[PDB]
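Residue numbers (this note's numbering): 173 to 676.
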Amino acid sequence: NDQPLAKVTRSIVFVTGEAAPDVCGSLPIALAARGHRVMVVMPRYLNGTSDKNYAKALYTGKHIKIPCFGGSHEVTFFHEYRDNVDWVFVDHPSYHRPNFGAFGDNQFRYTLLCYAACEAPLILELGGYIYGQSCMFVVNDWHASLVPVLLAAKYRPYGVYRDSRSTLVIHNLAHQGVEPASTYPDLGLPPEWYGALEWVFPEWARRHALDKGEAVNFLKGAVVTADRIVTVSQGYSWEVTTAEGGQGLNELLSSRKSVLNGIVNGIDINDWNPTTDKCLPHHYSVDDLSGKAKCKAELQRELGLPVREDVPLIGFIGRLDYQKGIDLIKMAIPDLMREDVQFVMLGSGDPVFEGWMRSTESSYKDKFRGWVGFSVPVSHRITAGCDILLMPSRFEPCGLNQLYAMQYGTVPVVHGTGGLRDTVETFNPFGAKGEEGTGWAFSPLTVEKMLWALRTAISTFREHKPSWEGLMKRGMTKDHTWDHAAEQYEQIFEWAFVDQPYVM
């Protein structure tokens, strides 16, 4: 096939608390497709023996006994090969419960997960041979955060796993896997390792008169011991990161500045391509943009807007959630309709805000449209029809709207930092080889900064069409596939392998 392969194929072990496919969870499948040997280790969250969801995940005949939590606990391994990925399931009674979610014994459950994941590459003879000890472990969030500690504490000091590295992937900073320090001995690690998991809360965060504020912090433990770190917080300001995860964690992260990278995602270009999109009235490409103008006209018509080519048309799309930046838009609208623009937002999931969409539309009956509900066909047409797409997300680990916008020559305006390494590089008409960038990223997340950026983009749209055309063409020519994404992670792993295991 035409499927691109990787220079250096590797053995890669994903560890995760999530259940098996997933919108942003195709990384494993993509890597596998590039010739890597790819394992994903997860809990078997079983719903009865004959649960259809695990019907094809067969028992491997392998079990281990994990010494921890005042005793010795056994897990077993189930396995399925699917999409060139080894899906390995860790089985214990405590996973059989109607996901994450919130239970007193979580710390225990995910401790099991982590010990198990360290054994799998050493004992499972998948397709006849084990994965062995030159693995890249990709551990996701706090659920898998003890893995890099185990490698460093239990294996490497004895000559095991010295040629393996680990990458911590951080989708959020809210849930750090925190429990009281009195639980440290339950983890079955040696005493000297306490410092890696040790976490003391500042005095203003104490909870009762005698609270010493002493804890263990899974995520913190990984941040301290992982080799590379891929984090949501990369494309955001100090202030935002501090608000999401606390100042303590933020300083810790920035203390490991040299090994940080942002999350990189891909999109399905069979679904998202302006040249073939079945959902669009007209098709277009980077070479011929005439079709996009027709889409806009056809979109204004569908929405009942004045059919004006010259007016800036702006889109928002997604769930009516707090995290999506909903309330910012609510506040900026009035100041925004002072200008000659049209604004359509499509989304659903909040009757009071939905109600607000309706009244707003009524107040600005020639400028604002609120499409309440969802519709993938309508979202495709909005993406194609609009000139600008607005993503005021607070802390987005899975920012796909950018990519769709860019893929479609729709210029994104998004909350965040806009450096060259960022998913949206802020527009800058100056530089060796003139104009650069793909849209506008603004920070911090404020009604003022947002409107400023909107106005900045709107001006560019009206007064410098030739510059605008460049912003679009740059977006559309970018590679937003998973191959491109996997290529990035591949680079990262190479850096990890080339360097010494961080924790010496």
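Every residue, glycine too, gets a C-beta built ideally from N, C-alpha and C.
Can you say whether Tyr287 is buried or exposed, counting buried as having 16 or more other CB atoms within 10 angstroms of its CB?
When all chains shown are included, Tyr287 counts as buried.
Between the Cα of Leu177 and those of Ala204, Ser336, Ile401 and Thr413, spot the shortest distance and give me the residue it belongs to.
Selected option, being the one with the closest Cα: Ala204.
Can you tell me whether residue 167 is buried or exposed, with buried defined as 16 or more other CB within 10 angstroms of its CB?
The chain is shown only over 173 to 676; residue 167 falls outside these bounds and no answer can be derived.
Terminal residues of the alpha helix (DSSP H) in which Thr181 lies
For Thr181, no alpha helix (DSSP H) segment is defined, and its DSSP state is neither H nor E.
Would the segment 372 to 379 count as touching the segment 292 to 303 if we require 3 or more Cβ pairs under 8 Å?
Contact between the segment 372 to 379 and the segment 292 to 303 is absent, because fewer than three Cβ pairs lie under 8 Å.
The alpha helix (DSSP H) with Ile439 in it runs from where to where?
Unbroken run through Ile439: none, as it is neither H nor E.
Using 10 angstroms around the beta-carbon of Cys570, count the other beta-carbons present and answer buried if the total reaches 16, otherwise exposed.
With fewer than 16 other Cβ atoms within 10 Å, it is exposed.
How big is the Cα-Cα spacing for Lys392 and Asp383?
Roughly 21 Å between the two C-alpha positions.
Indicate the three-state DSSP secondary structure (helix, strand or coil) for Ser354 in the structure shown.
In the displayed model, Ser354 falls within a helix according to three-state DSSP.
Verify whether the separation of the beta carbon atoms of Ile201 and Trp543 is less than 9 Å.
Cβ distance not < 9 Å, so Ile201 and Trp543 don't count as in contact.
Check for me: the beta strand (DSSP E) holding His235 runs from which residue to which?
That run of the beta strand (DSSP E) goes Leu230 to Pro239.
Rounded Cβ spacing between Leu340 and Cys290 (contact assumed at less than 8 Å)
At roughly 15 Å, the Cβ-Cβ gap does not stay under 8 Å, so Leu340 and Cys290 are not in contact.
Taking 8 Å as the threshold, find out whether the segment 660 to 669 comes into contact with the segment 600 to 611 through three or more Cβ pairs.
Because the criterion of three Cβ pairs below 8 Å is not met, the segment 660 to 669 and the segment 600 to 611 do not touch.
Buried or exposed for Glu190, please, with buried defined as at least 16 other CB atoms from any protein chain shown within 10 angstroms of its CB.
It counts as buried.
Closer than 8 Å by C-beta to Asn256: which residues in its own chain qualify, once you throw out the five before and the five after it? Chain order, please.
Closer than 8 Å at Cβ, skipping near neighbours: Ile201, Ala204, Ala205 and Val210.
So what does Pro673 bridge to, in DSSP terms?
Note: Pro673 sits in no beta bridge, so no partner.
Compute the distance between the beta-carbons of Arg541 and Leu477, then report whether it is under 9 Å.
Note that the C-beta distance between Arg541 and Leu477 is below 9 Å.
Following the continuous beta strand (DSSP E) through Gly487, name the residue where it begins and the one where it ends.
Here the beta strand (DSSP E) through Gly487 covers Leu485 to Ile489.
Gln472 beta carbon less than 9 Å from that of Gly434:
Not a contact, by the Cβ cut-off of 9 Å.
With DSSP as the reference, please indicate the residues paired to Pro584 in a beta bridge.
DSSP, once it has assigned bridges, lists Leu561 as partnering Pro584.
Based on Cα-Cα distance, which residue from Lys179, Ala229 and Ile236 lies nearest to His208?
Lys179 is the residue among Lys179, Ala229 and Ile236 whose C-alpha sits nearest the C-alpha of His208.
Using alpha carbons as the reference points, say which of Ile554, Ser551 and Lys502 lies closest to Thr532.
The residue among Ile554, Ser551 and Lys502 with its C-alpha nearest the C-alpha of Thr532 is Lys502.
Starting from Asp499, trace the alpha helix (DSSP H) in both directions and tell me its first and last residue.
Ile498 to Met509 is the span of the alpha helix (DSSP H), which, as asked, contains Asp499.
Beta-carbon contacts of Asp493 that lie in its chain and below 8 Å, excluding the five residues immediately before and after:
The answer, listed in chain order, is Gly521 and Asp522.
So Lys496 packs on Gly490, CB below 8 Å; how close in whole Å?
5 Å between Cβ atoms; contact.
Determine whether the beta carbon atoms of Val311 and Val187 lie at a separation below 9 Å.
Yes.
Would you be able to state if there are at least three C-beta pairs under 8 Å between the segment 259 to 270 and the segment 216 to 224?
Contact holds: three or more Cβ-Cβ distances are below 8 Å.
In the DSSP output, which residue or residues are listed as bridge partners for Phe249?
Paired residues: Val262.
Using DSSP bridges, identify the partner residues of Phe309.
In DSSP, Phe309 forms a bridge with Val185 and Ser338.
Rounded to a whole number of angstroms, what is the C-alpha to C-alpha distance between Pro329 and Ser183?
Spanning the two alpha carbons is a distance of roughly 22 Å.
Closer than 8 Å to a non-hydrogen atom of the ligand FAD - does that hold for the CB of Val260?
Of ligands this structure carries none, so the ligand FAD is not represented either.
Count the other CB atoms within 10 Å of the CB of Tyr231; is the residue buried (16 or more) or exposed (fewer)?
Classification for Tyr231: exposed.
For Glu659, which of helix, strand or coil comes out of DSSP?
DSSP places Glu659 in helix when its eight states are reduced to three.
Do the segment 450 to 467 and the segment 421 to 436 meet, that is, are 3 or more Cβ pairs less than 8 Å apart?
Touching, no.
CA-to-CA distance, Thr413 to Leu369, given in whole angstroms
One C-alpha to the other measures close to 21 Å.
Where do the ends of the beta strand (DSSP E) carrying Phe515 lie?
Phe515 -> beta strand (DSSP E) spans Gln514 to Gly519.
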